[PDB]
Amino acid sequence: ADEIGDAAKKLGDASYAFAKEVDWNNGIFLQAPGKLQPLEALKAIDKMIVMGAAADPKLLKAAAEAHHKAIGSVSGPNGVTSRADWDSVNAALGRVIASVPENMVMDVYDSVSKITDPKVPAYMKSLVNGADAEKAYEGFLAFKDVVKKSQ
């Protein structure tokens, strides 16, 4: 047990209503988030490869194992994993994020934001309950504070 684990459980309370509302079987997630810009997208992938090469190998392994288990408990019409496995996933990703320097995480965020059309967040939000999306994001802000303290 650790503090990211505890923080993940508060994140779930804040965000699992939102996770149940997203239709995870929508084909839209395979689409570029706006115009496909292969050269800019390669830049964003390079930043993620750098981050992955720097991330703790055991925490990467655990994150994969948590997603395999989360695939096993998908149910309902939107393909949502169980609440326990949602929390498991979020804690294991928080530990990966904490295992690399802050600059590597911001470089993925900035490099992806460059290729994301400004309409994409509001479009996604419009498909779920907006209050539950707000509550999920406020959850995320509290969670990343604990992550940063282990980082």
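All residue numbers are counted from 1 along the displayed sequence.
Next on the checklist: On mean Cα temperature factor in this entry, is 28-36 or 105-113 the higher one?
Outcome noted: In the deposited entry, the stretch with the higher C-alpha B-factor mean is 28-36.
Item to check | Among modelled residues of the same chain, the CA temperature factor third for residue 119 | outcome: It falls in the bottom third of the chain.
Next on the checklist: Lowest, middle or highest third: which one holds residue 139 when the chain's residues are ordered by CA B-factor from the entry?
Outcome noted: As the PDB entry reports it, the C-alpha B-factor of residue 139 lands in the middle third of its chain.
Checklist entry - What third of the chain, by the recorded C-alpha B-factor, contains residue 125? => result It belongs to the middle third of the chain when residues are ordered by C-alpha B-factor.
Checklist entry - Lowest, middle or highest third of the chain for the C-alpha temperature factor of residue 19? => result Highest third - that is where residue 19 ends up once the chain's C-alpha B-factors are sorted.
Item to check | CA B-factor placement of residue 47, once the chain's modelled residues are sorted into thirds | outcome: For residue 47, whose C-alpha B-factor we compare with every modelled residue in the chain, the answer is the middle third.
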